[PDB]
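Trainee: next one to model:
(chains A and B)
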2 protein chains.
Amino acid sequence: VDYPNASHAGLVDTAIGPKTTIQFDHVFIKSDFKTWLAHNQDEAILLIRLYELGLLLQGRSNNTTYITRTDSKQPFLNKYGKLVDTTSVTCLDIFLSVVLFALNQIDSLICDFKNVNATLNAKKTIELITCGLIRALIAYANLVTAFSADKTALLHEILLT
Amino acid sequence: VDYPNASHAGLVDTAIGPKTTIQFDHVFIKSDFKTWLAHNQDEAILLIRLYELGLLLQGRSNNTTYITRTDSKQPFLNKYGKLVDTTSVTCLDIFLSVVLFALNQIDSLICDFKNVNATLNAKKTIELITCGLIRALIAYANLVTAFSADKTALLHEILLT
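Mentor: Numbers count the residues shown, from 1 in each chain, chains lettered A, B, ... in the order given. This is the structure:
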């Protein structure tokens, strides 16, 4: 536990670099936030899909190269690796705020919606939404708690530097 | 905006004390986390109800005075004010972690549950649960993002002290 590289070599978690750390003021720390992003790529991409939705609602909004189609997840796996490559706590703050703005919006929509076959397919719609919003919210609830945990570790390290 | 007390006095948000701030290492900051707790007492108490549930599952677990009944929210409004009176980021971390442990558990239960009148009332049960878990999760998603925001402000202030 204190000498983990010895442990493995007898009886990834020591790899240090941009995809496994965050920093504030060039004070780096091994990042739970990132480690969650590493074990939950599908859910990560889900929050990345919400990040895109959050920018459009606010009104904010290339280099595809191929003249033949390829994969529809291609774009979202590209962004996925730019997120993980990002160590700045200040940039990561932006990301999670935009994403939360989308979660609140989808929820405002559902709540609003709660207050023939069109209707039967319009109910089924909102029910898929609520299903996704659950998953994203537990993904968000878990991701940012880890991000919050990381900061309590950067708060400690700064005071000791 | 820069002189808000003048503004109000012509054309609560400057009150400084334990219920409106958090600190790390006696470095205080005006707290979004707290301000959310101030505008969402019902939802706050909901997360406090989950805090209690989170301790029991882990196995962790008085002074009621009255020999006549009173109110069933009495206990949870007492804890509500101990939370708001708490400025330590390190204590607040505990609280939100315990609460997240409960959210994950309720979700593990629902997922598990997805894989006569007893059954009809047992389905209705899990559906109320999912309804609450939504509300708590958006309450949690919003509360901790604000807590995370607070830390980005404590990270800044420390480096300037």
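Trainee: residues from chain A in reach of chain B?
Mentor: A:24-25, A:89-90, A:93, A:96-97, A:100, A:103-104, A:107, A:130, A:133-134, A:137-138, A:140-142, A:144-145, A:147-149, A:151-152, A:154-155, A:158-159 (C-beta under 8 Å from any C-beta of the partner chain). C-betas here are computed from N, CA, C, even on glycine.
Trainee: wait, what's in contact with residue A:41?
Mentor: By C-beta atoms under 8 Å, 6 or more residues apart in numbering or on different chains, the contact set of residue A:41 is residue A:80.
Trainee: check contacts around residue A:35.
Mentor: A:20, A:146.
Trainee: which strand or helix spans it?
Mentor: Using DSSP states H and E, the element containing residue A:35 is helix A:32-39.
Trainee: tell me which element residue A:61 is part of?
Mentor: Going by DSSP H and E, residue A:61 is not in any helix or strand.
Trainee: how many other residues sit next to the nearest residue to it once chain neighbours are set aside?
Mentor: Using C-beta to C-beta, 6 or more residues apart in numbering or on different chains and skipping the chain neighbours, the partner closest in space to residue A:61 is residue A:55 (6.2 Å). By the criterion of other C-beta atoms under 10 Å in any protein chain shown, residue A:55 has 14 neighbours.
Trainee: separation between residue A:55 and residue B:35?
Mentor: According to C-beta to C-beta, to the nearest Å, residue A:55 and residue B:35 sit 26 Å apart.
Trainee: before we move on, back to that, quick check on the residues of chain A next to chain B: which are buried?
Mentor: Buried members of the residues of chain A next to chain B, counted by 16 or more other C-beta atoms under 10 Å in any protein chain shown: A:24, A:89, A:93, A:96, A:100, A:103, A:107, A:130, A:133-134, A:137-138, A:140-142, A:144-145, A:147-149, A:151-152, A:154-155, A:158.
Trainee: would you state the helices of chain A in chain order?
Mentor: Per DSSP state H, chain A carries helices over the ranges A:4-9, A:32-39, A:41-58, A:74-84, A:89-113, A:117-159.
Trainee: so for residue B:75, which of those sits nearest?
Mentor: Evaluated with C-beta to C-beta, the helices of chain A place helix A:117-159 nearest to residue B:75, the distance being 25.4 Å.
Trainee: now do the closest one: which elements does it pack against?
Mentor: strand A:21-24, strand A:27-30, helix A:32-39, helix A:41-58, helix A:89-113, helix B:89-113, helix B:117-159 (3 or more C-beta pairs under 8 Å, 6 or more residues apart in numbering or on different chains; DSSP states H and E).
Trainee: now tabulate those in CSV and tack on distance to residue B:2.
Mentor: Formatted as CSV, these follow (distance: least, C-beta to C-beta, whole Å):
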stretch, distance to residue B:2
strand A:21-24, 26
strand A:27-30, 30
helix A:32-39, 34
helix A:41-58, 26
helix A:89-113, 23
helix B:89-113, 27
helix B:117-159, 17
